[PDB]
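Taken in sequence, the protein lines are chains A and B. Each residue of the first sequence is one higher than the last, beginning at -8 in this note's numbering. Each residue of the second sequence is one higher than the last, beginning at 98 in this note's numbering. Just so you know, even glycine gets a beta-carbon here, dropped at the ideal spot from N, CA and C.
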Amino acid sequence: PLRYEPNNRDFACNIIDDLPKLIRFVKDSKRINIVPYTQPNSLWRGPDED
Amino acid sequence: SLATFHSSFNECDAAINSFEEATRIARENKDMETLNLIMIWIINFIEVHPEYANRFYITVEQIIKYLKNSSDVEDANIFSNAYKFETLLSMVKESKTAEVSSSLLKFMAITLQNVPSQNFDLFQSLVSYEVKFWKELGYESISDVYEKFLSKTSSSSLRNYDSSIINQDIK
């Protein structure tokens, strides 16, 4: 686990978070549907609800 | 058109008087479709001359709230016009980058979804905003790609005719 505490000397702001998250195109039998993008390995790496 | 012509010669104040009686005439015709045209001209004028925002009888934010929920049909280009004004205002109001990115996102998605070649005016405006937006963030690499799409000497209506020459000279 990384602990990246906010430091004044760190001005390295992040912009990827400000940019809206990407999505995915998956088409089922009925039609083409739109789902939020998840990384291929994100299912076992995603932030646990627990 | 006469209002545009005055704004073309930087008359500005005379153009203001010209525009007010256009509002009254629109009401007597009692036709809804022309009100969209008169409203869209407002901010286009104020986009060129932001110093005149207080003088209009309607604040800019009122229009955006109005045109966002104007309808769901028979608009086509209005929503494309609507969001770009919000993006410009959001940038000037120095709002958080998350909102500005989202607002530009809306206008980008709606403009490109329809034909962009035919709506040459808005497509150029998208490029100008995006180039400006990313330049403010400091990523010239992104700006470099988009600037190649910016048209030179094209300029726009209701803003003089030698403005392109002046703009080129400043650089």
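Beta bridge counterpart(s) of residue i as assigned by DSSP
| i | result |
| --- | --- |
| A/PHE16 | A/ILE25 |
Proximal residues of chain A, C-beta to C-beta of residue i below 8 Å
| i | result |
| --- | --- |
| B/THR194 | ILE6 and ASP9 |
| B/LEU234 | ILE6 |
| B/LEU202 | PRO11 |
Selected residue, minimal CA-CA separation from residue i, among the options
| i | options | result |
| --- | --- | --- |
| B/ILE113 | B/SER260, B/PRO213, B/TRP138 and B/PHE204 | B/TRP138 |
| B/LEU201 | B/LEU185, B/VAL189, B/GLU191 and B/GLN215 | B/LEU185 |
| B/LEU132 | B/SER238, B/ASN151 and B/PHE116 | B/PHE116 |
| B/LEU134 | B/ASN151, B/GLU171 and B/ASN107 | B/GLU171 |
| B/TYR149 | B/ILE161, B/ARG124 and B/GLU108 | B/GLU108 |
| A/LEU10 | B/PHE204, B/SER198 and B/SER225 | B/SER198 |
| B/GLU196 | B/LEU209, B/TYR180, B/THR208 and B/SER252 | B/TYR180 |
| B/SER252 | B/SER225, B/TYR163, B/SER167 and B/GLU237 | B/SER225 |
| B/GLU244 | B/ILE175, B/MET129, B/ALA119 and B/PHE220 | B/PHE220 |
| B/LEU255 | B/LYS127, B/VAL145 and B/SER168 | B/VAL145 |
Buried or exposed by the 16-neighbour rule on C-beta atoms within 10 Å, applied to residue i
| i | result |
| --- | --- |
| B/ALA173 | exposed |
| B/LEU99 | exposed |
| B/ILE143 | buried |
| A/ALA3 | exposed |
| B/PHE204 | buried |
| B/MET136 | buried |
| B/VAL228 | buried |
| B/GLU237 | exposed |
Endpoints, the alpha helix (DSSP H) within which residue i is located
| i | result |
| --- | --- |
| B/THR208 | 194 to 210 |
| B/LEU219 | 217 to 234 |
| B/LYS127 | First-last for B/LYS127: undefined, no H or E at that position. |
| B/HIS103 | 99 to 105 |
| B/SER167 | Where B/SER167 is concerned, there is no enclosing alpha helix (DSSP H), given that its DSSP letter is neither H nor E. |
| B/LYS181 | 175 to 189 |
| B/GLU108 | Note, B/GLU108: premise wrong, no alpha helix (DSSP H); not H, not E. |
| B/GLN265 | 260 to 267 |
Under 7 Å from the C-beta of residue i: neighbouring residues of chain A
| i | result |
| --- | --- |
| residue 277 of chain B | Look at the range of chain B in this structure, 98 to 268, and you will see that residue 277 of chain B is not part of it. |
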